[PDB]
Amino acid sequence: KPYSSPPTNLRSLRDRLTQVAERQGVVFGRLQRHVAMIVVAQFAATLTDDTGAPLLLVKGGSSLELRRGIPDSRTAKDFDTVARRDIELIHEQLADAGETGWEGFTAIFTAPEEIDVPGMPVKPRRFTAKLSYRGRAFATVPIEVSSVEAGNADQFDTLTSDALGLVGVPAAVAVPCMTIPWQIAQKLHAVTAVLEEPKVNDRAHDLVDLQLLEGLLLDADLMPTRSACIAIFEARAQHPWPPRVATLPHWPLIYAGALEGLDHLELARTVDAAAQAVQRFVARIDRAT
């Protein structure tokens, strides 16, 4: 019933994902995108410095998928990462790892391109991973790599998934990830940012993520989160801490879109309630000692 050998080619892999997907109550494509992401994370996890410490920490939506699992998180399309060390050293090393491969997967990495960001001295970089399993093209994963900011790579959590184990690839998955305090600080800053009138802030989906991250903090002391918030808000020197969680007029339907698939969770059902929930969380953070 559980496969004893790894899949022999792509068709058998896709075929096994679909069977796991239906068996688990999940949409096939979501499961496949999640496996693609895990595979990319395993390439990133082999990148270490000369002490063995990870060079890349995953953040953003890919990280929330690994923390809460597929049923209890938004679909993540970006593989957001933070590089402890710099520039094309990260790209050349991922092309290296991708050529060597992992349990039959290989990957090619398109060329990096800078992106416009006001509060980042080093402009983050986007490119793409072209995955293949035993030769045959498998999937494509967008990747975003940003540079360290303050202490947001000082520590890391290590997260697992057994999705690959369900299709007969038994190797252990262990992905270094940015800690929750710094994930809260960066989402809080992005959801409250005012952008230049050429573009407008569409990030109502971060009101969902901030409610999920608050849930994951449990009863923990908030001083680490407050220090991370102060650090990121000062580092970036845009709006000051503590921010006001404003909603924009087009956010109601964007927020409703971000809640697809999460009816079973304890979430604000309207973007107003969500903004109120996140503002109380901001006050909670500001009060800690």
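Just count from 1 along the sequence shown to find any residue number.
Engineer: Where do the C-alpha atoms have the higher mean temperature factor in this entry, in 192-200 or in 207-215?
Structural biologist: It is 192-200.
Engineer: Can you tell me which stretch has the higher mean Cα B-factor, 218-226 or 248-256?
Structural biologist: The recorded data point to 218-226.
Engineer: Between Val175, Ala185, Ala150, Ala111, where does the Cα B-factor run highest in the record?
Structural biologist: That would be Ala111, according to the entry.
Engineer: Could you check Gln155, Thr158, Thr81, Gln93 and tell me which one carries the biggest Cα B-factor in the deposited entry?
Structural biologist: Top of the list by C-alpha B-factor: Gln93.
Engineer: Going by the entry, which third of its chain does the Cα temperature factor of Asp15 land in?
Structural biologist: It falls in the top third of the chain.
Engineer: Considering only modelled residues of the same chain, in which third does the CA B-factor of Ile180 rank: lowest, middle or highest?
Structural biologist: Lowest third, going by the recorded CA B-factors of the chain.
Engineer: Taking the C-alpha B-factors as the PDB entry records them, is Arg287 in the lowest, middle or highest third of its chain?
Structural biologist: For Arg287, whose C-alpha B-factor we compare with every modelled residue in the chain, the answer is the middle third.
Engineer: Which third, lowest, middle or highest, does the CA B-factor of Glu266 fall in along this chain?
Structural biologist: Tercile = middle for this residue's CA B-factor.
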